[PDB]
>>> print(open('input.cif').read())   # mmCIF, N, CA and C atoms
data_input
loop_
_atom_site.label_atom_id
_atom_site.label_comp_id
_atom_site.auth_asym_id
_atom_site.auth_seq_id
_atom_site.Cartn_x
_atom_site.Cartn_y
_atom_site.Cartn_z
N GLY A 119 -8.24 1.71 2.35
CA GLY A 119 -7.40 2.82 2.80
C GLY A 119 -5.99 2.77 2.19
N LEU A 120 -5.10 3.69 2.58
CA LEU A 120 -3.73 3.66 2.08
C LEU A 120 -2.93 2.52 2.73
N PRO A 121 -1.86 2.08 2.09
CA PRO A 121 -0.95 1.12 2.74
C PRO A 121 -0.20 1.77 3.89
N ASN A 122 0.19 0.97 4.89
CA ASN A 122 1.15 1.47 5.88
C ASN A 122 2.56 1.42 5.29
N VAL A 123 3.57 1.88 6.05
CA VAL A 123 4.91 2.04 5.45
C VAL A 123 5.47 0.68 5.05
N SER A 124 5.32 -0.33 5.92
CA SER A 124 5.82 -1.66 5.60
C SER A 124 5.12 -2.24 4.38
N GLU A 125 3.80 -2.12 4.32
CA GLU A 125 3.11 -2.61 3.13
C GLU A 125 3.61 -1.89 1.89
N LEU A 126 3.79 -0.56 1.97
CA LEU A 126 4.18 0.20 0.78
C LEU A 126 5.58 -0.16 0.33
N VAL A 127 6.52 -0.31 1.27
CA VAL A 127 7.87 -0.71 0.88
C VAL A 127 7.85 -2.08 0.20
N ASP A 128 7.06 -3.03 0.73
CA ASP A 128 6.90 -4.32 0.05
C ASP A 128 6.37 -4.16 -1.37
N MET A 129 5.39 -3.28 -1.57
CA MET A 129 4.87 -3.01 -2.91
C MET A 129 5.94 -2.48 -3.85
N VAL A 130 6.83 -1.61 -3.33
CA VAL A 130 7.88 -1.03 -4.16
C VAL A 130 8.84 -2.12 -4.60
N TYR A 131 9.20 -3.01 -3.68
CA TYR A 131 10.09 -4.10 -4.04
C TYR A 131 9.42 -5.07 -5.01
N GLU A 132 8.13 -5.35 -4.84
CA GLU A 132 7.46 -6.25 -5.79
C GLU A 132 7.41 -5.63 -7.17
N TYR A 133 7.05 -4.35 -7.24
CA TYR A 133 7.09 -3.62 -8.50
C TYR A 133 8.48 -3.68 -9.11
N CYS A 134 9.51 -3.44 -8.30
CA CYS A 134 10.89 -3.55 -8.77
C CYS A 134 11.12 -4.91 -9.42
N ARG A 135 10.59 -5.97 -8.80
CA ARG A 135 10.79 -7.35 -9.24
C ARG A 135 9.97 -7.68 -10.48
N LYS A 136 8.79 -7.08 -10.63
CA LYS A 136 7.81 -7.47 -11.64
C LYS A 136 7.69 -6.49 -12.81
N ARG A 137 8.25 -5.28 -12.72
CA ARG A 137 7.89 -4.25 -13.68
C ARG A 137 8.31 -4.61 -15.11
N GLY A 138 9.33 -5.46 -15.28
CA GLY A 138 9.76 -5.88 -16.62
C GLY A 138 8.75 -6.73 -17.36
N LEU A 139 7.74 -7.26 -16.66
CA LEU A 139 6.75 -8.12 -17.31
C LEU A 139 5.66 -7.33 -18.01
N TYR A 140 5.68 -6.00 -17.95
CA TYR A 140 4.57 -5.16 -18.37
C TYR A 140 5.04 -4.16 -19.42
N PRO A 141 4.14 -3.67 -20.28
CA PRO A 141 4.58 -2.74 -21.35
C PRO A 141 5.09 -1.40 -20.83
N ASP A 142 4.58 -0.92 -19.70
CA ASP A 142 4.98 0.36 -19.13
C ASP A 142 4.54 0.39 -17.66
N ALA A 143 4.80 1.51 -16.99
CA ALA A 143 4.46 1.60 -15.58
C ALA A 143 2.96 1.66 -15.38
N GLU A 144 2.25 2.30 -16.32
CA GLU A 144 0.82 2.44 -16.15
C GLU A 144 0.08 1.12 -16.32
N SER A 145 0.68 0.17 -17.03
CA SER A 145 0.04 -1.11 -17.32
C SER A 145 0.18 -2.13 -16.19
N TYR A 146 1.12 -1.92 -15.28
CA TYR A 146 1.22 -2.68 -14.04
C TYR A 146 -0.13 -2.73 -13.34
N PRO A 147 -0.46 -3.80 -12.66
CA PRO A 147 -1.80 -3.90 -12.07
C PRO A 147 -1.97 -3.19 -10.73
N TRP A 148 -2.30 -1.90 -10.78
CA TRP A 148 -2.47 -1.06 -9.59
C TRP A 148 -3.88 -1.16 -9.02
N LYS A 149 -3.99 -1.32 -7.70
CA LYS A 149 -5.31 -1.36 -7.07
C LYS A 149 -5.94 0.01 -6.90
N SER A 150 -5.16 1.08 -7.03
CA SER A 150 -5.72 2.42 -6.95
C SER A 150 -4.76 3.35 -7.67
N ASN A 151 -5.28 4.51 -8.11
CA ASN A 151 -4.37 5.56 -8.54
C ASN A 151 -3.34 5.87 -7.46
N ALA A 152 -3.73 5.77 -6.19
CA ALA A 152 -2.79 6.05 -5.11
C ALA A 152 -1.59 5.11 -5.16
N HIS A 153 -1.82 3.81 -5.38
CA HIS A 153 -0.71 2.86 -5.40
C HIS A 153 0.26 3.21 -6.53
N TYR A 154 -0.29 3.56 -7.70
CA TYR A 154 0.56 3.89 -8.84
C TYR A 154 1.46 5.08 -8.51
N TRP A 155 0.88 6.15 -7.95
CA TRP A 155 1.64 7.36 -7.67
C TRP A 155 2.66 7.13 -6.56
N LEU A 156 2.24 6.52 -5.46
CA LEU A 156 3.15 6.19 -4.36
C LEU A 156 4.31 5.32 -4.86
N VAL A 157 4.00 4.18 -5.48
CA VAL A 157 5.03 3.21 -5.81
C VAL A 157 5.97 3.75 -6.90
N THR A 158 5.42 4.36 -7.97
CA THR A 158 6.31 4.80 -9.06
C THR A 158 7.20 5.95 -8.61
N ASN A 159 6.69 6.84 -7.78
CA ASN A 159 7.53 7.90 -7.23
C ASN A 159 8.65 7.33 -6.36
N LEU A 160 8.33 6.41 -5.46
CA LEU A 160 9.35 5.83 -4.59
C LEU A 160 10.33 4.97 -5.38
N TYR A 161 9.83 4.20 -6.36
CA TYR A 161 10.73 3.40 -7.18
C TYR A 161 11.75 4.30 -7.88
N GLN A 162 11.27 5.37 -8.51
CA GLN A 162 12.17 6.24 -9.25
C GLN A 162 13.16 6.93 -8.33
N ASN A 163 12.71 7.29 -7.13
CA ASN A 163 13.61 7.88 -6.14
C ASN A 163 14.64 6.86 -5.67
N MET A 164 14.20 5.64 -5.36
CA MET A 164 15.10 4.50 -5.14
C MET A 164 16.19 4.38 -6.20
N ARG A 165 15.71 4.24 -7.45
CA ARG A 165 16.58 4.04 -8.61
C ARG A 165 17.57 5.19 -8.76
N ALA A 166 17.06 6.41 -8.84
CA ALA A 166 17.90 7.56 -9.15
C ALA A 166 18.75 8.02 -7.98
N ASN A 167 18.66 7.37 -6.81
CA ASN A 167 19.38 7.86 -5.64
C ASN A 167 19.99 6.72 -4.83
N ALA A 168 19.94 5.49 -5.33
CA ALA A 168 20.51 4.33 -4.64
C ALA A 168 20.11 4.30 -3.17
N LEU A 169 18.81 4.45 -2.93
CA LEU A 169 18.30 4.52 -1.56
C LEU A 169 18.50 3.19 -0.84
N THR A 170 19.01 3.25 0.39
CA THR A 170 19.01 2.08 1.25
C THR A 170 17.57 1.75 1.68
N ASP A 171 17.40 0.56 2.27
CA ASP A 171 16.08 0.16 2.77
C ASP A 171 15.57 1.13 3.83
N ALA A 172 16.45 1.58 4.73
CA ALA A 172 16.00 2.51 5.76
C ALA A 172 15.63 3.85 5.14
N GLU A 173 16.40 4.28 4.15
CA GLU A 173 16.13 5.53 3.46
C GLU A 173 14.81 5.45 2.72
N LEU A 174 14.59 4.33 2.03
CA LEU A 174 13.33 4.10 1.34
C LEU A 174 12.15 4.19 2.31
N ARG A 175 12.29 3.60 3.50
CA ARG A 175 11.20 3.61 4.47
C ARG A 175 10.89 5.03 4.91
N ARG A 176 11.92 5.84 5.12
CA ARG A 176 11.68 7.23 5.50
C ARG A 176 10.96 7.99 4.39
N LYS A 177 11.44 7.87 3.13
CA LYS A 177 10.72 8.52 2.03
C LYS A 177 9.29 8.00 1.94
N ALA A 178 9.09 6.68 2.05
CA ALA A 178 7.73 6.14 1.94
C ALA A 178 6.82 6.75 3.01
N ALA A 179 7.31 6.87 4.24
CA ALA A 179 6.48 7.46 5.30
C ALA A 179 6.10 8.89 4.95
N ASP A 180 7.05 9.67 4.41
CA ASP A 180 6.73 11.04 4.04
C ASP A 180 5.71 11.09 2.92
N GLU A 181 5.89 10.24 1.90
CA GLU A 181 4.92 10.18 0.81
C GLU A 181 3.54 9.80 1.34
N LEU A 182 3.48 8.89 2.30
CA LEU A 182 2.18 8.48 2.80
C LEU A 182 1.51 9.61 3.59
N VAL A 183 2.29 10.45 4.28
CA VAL A 183 1.70 11.58 5.01
C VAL A 183 1.11 12.59 4.02
N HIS A 184 1.86 12.90 2.95
CA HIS A 184 1.35 13.82 1.93
C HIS A 184 0.09 13.29 1.30
N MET A 185 0.07 12.01 0.98
CA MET A 185 -1.12 11.43 0.36
C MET A 185 -2.32 11.36 1.31
N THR A 186 -2.09 11.01 2.59
CA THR A 186 -3.17 11.06 3.57
C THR A 186 -3.76 12.46 3.63
N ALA A 187 -2.91 13.49 3.61
CA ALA A 187 -3.44 14.84 3.66
C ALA A 187 -4.24 15.16 2.40
N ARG A 188 -3.74 14.78 1.21
CA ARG A 188 -4.48 15.01 -0.03
C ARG A 188 -5.85 14.35 0.01
N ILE A 189 -5.91 13.08 0.37
CA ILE A 189 -7.21 12.41 0.40
C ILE A 189 -8.10 13.03 1.47
N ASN A 190 -7.52 13.43 2.61
CA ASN A 190 -8.30 13.97 3.72
C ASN A 190 -9.05 15.23 3.33
N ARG A 191 -8.50 16.06 2.45
CA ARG A 191 -9.19 17.28 2.06
C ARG A 191 -9.90 17.13 0.73
N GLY A 192 -10.23 15.90 0.33
CA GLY A 192 -11.11 15.66 -0.81
C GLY A 192 -10.48 15.37 -2.17
#
>>> encode(input="input.cif", output="structure tokens")
Amino acid sequence: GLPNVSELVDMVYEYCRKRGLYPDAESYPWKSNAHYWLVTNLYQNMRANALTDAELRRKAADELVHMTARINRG
């Protein structure tokens, strides 16, 4: 299933920490297309907006609701 908000925020921070080891964002080791889209969107929003941890958590929760709805309808 999808990550919960805490799991997803941890993934964003790990990606933040590890992304320099890889040739590009797509080459990072994603367990699903969902993880790639969730994490890279939140990372870029983090980066381009200096999001606080609480702000990141709110965006992550919204992204997870949109993605749950997408998967729910096929």
>>> axis_aligned_box(input="input.cif", around="region 153-162 of chain A", padding_each_side="3 Å", output="lines of an AutoDock Vina configuration file")
center_x = 5.7
center_y = 5.4
center_z = -6.8
size_x = 21.0
size_y = 11.0
size_z = 10.9
>>> closest_residue(input="input.cif", among="A:120, A:189, A:127, A:157", to="residue 172 (chain A)", atoms="only C-alpha atoms")
A:127
>>> residues_around(input="input.cif", residues="residue 146 (chain A)", least_positions_apart="5", cutoff="8 Å", atoms="all atoms listed in the file", output="PyMOL selection string")
chain A and resi 136-137+139-141
>>> closest_residue(input="input.cif", among="A:183, A:168, A:161, A:190", to="residue 135 (chain A)", atoms="only C-alpha atoms")
A:161
>>> resolve_selection(input="input.cif", expression="the PyMOL selection byres ((chain A and resi 147-156) around 8)", output="NGL selection string")
:A and (120-121 or 126 or 130 or 140 or 143-146 or 157-162 or 178 or 181-182 or 185)
>>> write_last_selection(input="input.cif", atoms="N, CA and C atoms", output="tab-separated table (two decimals), keeping the file's coordinate frame")
chain	number	residue	atom	x	y	z
A	120	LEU	N	-5.10	3.69	2.58
A	120	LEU	CA	-3.73	3.66	2.08
A	120	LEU	C	-2.93	2.52	2.73
A	121	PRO	N	-1.86	2.08	2.09
A	121	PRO	CA	-0.95	1.12	2.74
A	121	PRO	C	-0.20	1.77	3.89
A	126	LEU	N	3.79	-0.56	1.97
A	126	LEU	CA	4.18	0.20	0.78
A	126	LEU	C	5.58	-0.16	0.33
A	130	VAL	N	6.83	-1.61	-3.33
A	130	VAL	CA	7.88	-1.03	-4.16
A	130	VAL	C	8.84	-2.12	-4.60
A	140	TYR	N	5.68	-6.00	-17.95
A	140	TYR	CA	4.57	-5.16	-18.37
A	140	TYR	C	5.04	-4.16	-19.42
A	143	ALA	N	4.80	1.51	-16.99
A	143	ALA	CA	4.46	1.60	-15.58
A	143	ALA	C	2.96	1.66	-15.38
A	144	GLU	N	2.25	2.30	-16.32
A	144	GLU	CA	0.82	2.44	-16.15
A	144	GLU	C	0.08	1.12	-16.32
A	145	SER	N	0.68	0.17	-17.03
A	145	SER	CA	0.04	-1.11	-17.32
A	145	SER	C	0.18	-2.13	-16.19
A	146	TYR	N	1.12	-1.92	-15.28
A	146	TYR	CA	1.22	-2.68	-14.04
A	146	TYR	C	-0.13	-2.73	-13.34
A	157	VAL	N	4.00	4.18	-5.48
A	157	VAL	CA	5.03	3.21	-5.81
A	157	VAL	C	5.97	3.75	-6.90
A	158	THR	N	5.42	4.36	-7.97
A	158	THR	CA	6.31	4.80	-9.06
A	158	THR	C	7.20	5.95	-8.61
A	159	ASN	N	6.69	6.84	-7.78
A	159	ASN	CA	7.53	7.90	-7.23
A	159	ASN	C	8.65	7.33	-6.36
A	160	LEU	N	8.33	6.41	-5.46
A	160	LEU	CA	9.35	5.83	-4.59
A	160	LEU	C	10.33	4.97	-5.38
A	161	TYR	N	9.83	4.20	-6.36
A	161	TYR	CA	10.73	3.40	-7.18
A	161	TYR	C	11.75	4.30	-7.88
A	162	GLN	N	11.27	5.37	-8.51
A	162	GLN	CA	12.17	6.24	-9.25
A	162	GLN	C	13.16	6.93	-8.33
A	178	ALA	N	9.09	6.68	2.05
A	178	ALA	CA	7.73	6.14	1.94
A	178	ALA	C	6.82	6.75	3.01
A	181	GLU	N	5.89	10.24	1.90
A	181	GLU	CA	4.92	10.18	0.81
A	181	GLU	C	3.54	9.80	1.34
A	182	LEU	N	3.48	8.89	2.30
A	182	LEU	CA	2.18	8.48	2.80
A	182	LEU	C	1.51	9.61	3.59
A	185	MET	N	0.07	12.01	0.98
A	185	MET	CA	-1.12	11.43	0.36
A	185	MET	C	-2.32	11.36	1.31
>>> atom_distance(input="input.cif", atom1="CA of residue 164 (chain A)", atom2="CA of residue 122 (chain A)")
18.0 Å
>>> atom_distance(input="input.cif", atom1="CA of residue 131 (chain A)", atom2="CA of residue 184 (chain A)")
20.8 Å
>>> atom_distance(input="input.cif", atom1="atom N of residue 180 (chain A)", atom2="atom N of residue 132 (chain A)")
17.7 Å
>>> build_atoms(input="input.cif", residues="region 153-177 of chain A", atoms="N, CA, C and O atoms", output="CSV table (one decimal), keeping the file's coordinate frame")
chain,number,residue,atom,x,y,z
A,153,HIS,N,-1.8,3.8,-5.4
A,153,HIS,CA,-0.7,2.9,-5.4
A,153,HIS,C,0.3,3.2,-6.5
A,153,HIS,O,1.5,3.1,-6.4
A,154,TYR,N,-0.3,3.6,-7.7
A,154,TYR,CA,0.6,3.9,-8.8
A,154,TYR,C,1.5,5.1,-8.5
A,154,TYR,O,2.7,5.0,-8.7
A,155,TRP,N,0.9,6.2,-8.0
A,155,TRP,CA,1.6,7.4,-7.7
A,155,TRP,C,2.7,7.1,-6.6
A,155,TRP,O,3.8,7.5,-6.7
A,156,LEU,N,2.2,6.5,-5.5
A,156,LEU,CA,3.2,6.2,-4.4
A,156,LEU,C,4.3,5.3,-4.9
A,156,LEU,O,5.5,5.7,-4.7
A,157,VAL,N,4.0,4.2,-5.5
A,157,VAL,CA,5.0,3.2,-5.8
A,157,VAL,C,6.0,3.8,-6.9
A,157,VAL,O,7.2,3.6,-6.8
A,158,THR,N,5.4,4.4,-8.0
A,158,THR,CA,6.3,4.8,-9.1
A,158,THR,C,7.2,6.0,-8.6
A,158,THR,O,8.4,6.0,-9.0
A,159,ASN,N,6.7,6.8,-7.8
A,159,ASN,CA,7.5,7.9,-7.2
A,159,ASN,C,8.6,7.3,-6.4
A,159,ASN,O,9.8,7.7,-6.5
A,160,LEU,N,8.3,6.4,-5.5
A,160,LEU,CA,9.4,5.8,-4.6
A,160,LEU,C,10.3,5.0,-5.4
A,160,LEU,O,11.5,5.0,-5.1
A,161,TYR,N,9.8,4.2,-6.4
A,161,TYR,CA,10.7,3.4,-7.2
A,161,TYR,C,11.8,4.3,-7.9
A,161,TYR,O,13.0,4.0,-7.9
A,162,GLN,N,11.3,5.4,-8.5
A,162,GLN,CA,12.2,6.2,-9.2
A,162,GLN,C,13.2,6.9,-8.3
A,162,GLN,O,14.3,7.1,-8.7
A,163,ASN,N,12.7,7.3,-7.1
A,163,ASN,CA,13.6,7.9,-6.1
A,163,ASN,C,14.6,6.9,-5.7
A,163,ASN,O,15.8,7.2,-5.6
A,164,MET,N,14.2,5.6,-5.4
A,164,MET,CA,15.1,4.5,-5.1
A,164,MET,C,16.2,4.4,-6.2
A,164,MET,O,17.4,4.3,-5.9
A,165,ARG,N,15.7,4.2,-7.4
A,165,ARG,CA,16.6,4.0,-8.6
A,165,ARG,C,17.6,5.2,-8.8
A,165,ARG,O,18.8,5.0,-8.8
A,166,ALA,N,17.1,6.4,-8.8
A,166,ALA,CA,17.9,7.6,-9.2
A,166,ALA,C,18.8,8.0,-8.0
A,166,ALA,O,19.5,9.0,-8.1
A,167,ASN,N,18.7,7.4,-6.8
A,167,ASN,CA,19.4,7.9,-5.6
A,167,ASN,C,20.0,6.7,-4.8
A,167,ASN,O,20.5,7.0,-3.7
A,168,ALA,N,19.9,5.5,-5.3
A,168,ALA,CA,20.5,4.3,-4.6
A,168,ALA,C,20.1,4.3,-3.2
A,168,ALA,O,20.9,4.2,-2.3
A,169,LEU,N,18.8,4.4,-2.9
A,169,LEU,CA,18.3,4.5,-1.6
A,169,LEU,C,18.5,3.2,-0.8
A,169,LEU,O,18.2,2.1,-1.4
A,170,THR,N,19.0,3.2,0.4
A,170,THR,CA,19.0,2.1,1.2
A,170,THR,C,17.6,1.8,1.7
A,170,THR,O,16.6,2.5,1.5
A,171,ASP,N,17.4,0.6,2.3
A,171,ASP,CA,16.1,0.2,2.8
A,171,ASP,C,15.6,1.1,3.8
A,171,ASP,O,14.4,1.4,3.9
A,172,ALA,N,16.4,1.6,4.7
A,172,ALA,CA,16.0,2.5,5.8
A,172,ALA,C,15.6,3.8,5.1
A,172,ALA,O,14.7,4.5,5.6
A,173,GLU,N,16.4,4.3,4.2
A,173,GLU,CA,16.1,5.5,3.5
A,173,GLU,C,14.8,5.4,2.7
A,173,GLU,O,14.0,6.4,2.7
A,174,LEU,N,14.6,4.3,2.0
A,174,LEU,CA,13.3,4.1,1.3
A,174,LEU,C,12.2,4.2,2.3
A,174,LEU,O,11.1,4.8,2.0
A,175,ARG,N,12.3,3.6,3.5
A,175,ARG,CA,11.2,3.6,4.5
A,175,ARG,C,10.9,5.0,4.9
A,175,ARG,O,9.7,5.4,5.1
A,176,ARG,N,11.9,5.8,5.1
A,176,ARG,CA,11.7,7.2,5.5
A,176,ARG,C,11.0,8.0,4.4
A,176,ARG,O,10.0,8.7,4.6
A,177,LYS,N,11.4,7.9,3.1
A,177,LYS,CA,10.7,8.5,2.0
A,177,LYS,C,9.3,8.0,1.9
A,177,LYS,O,8.4,8.8,1.7
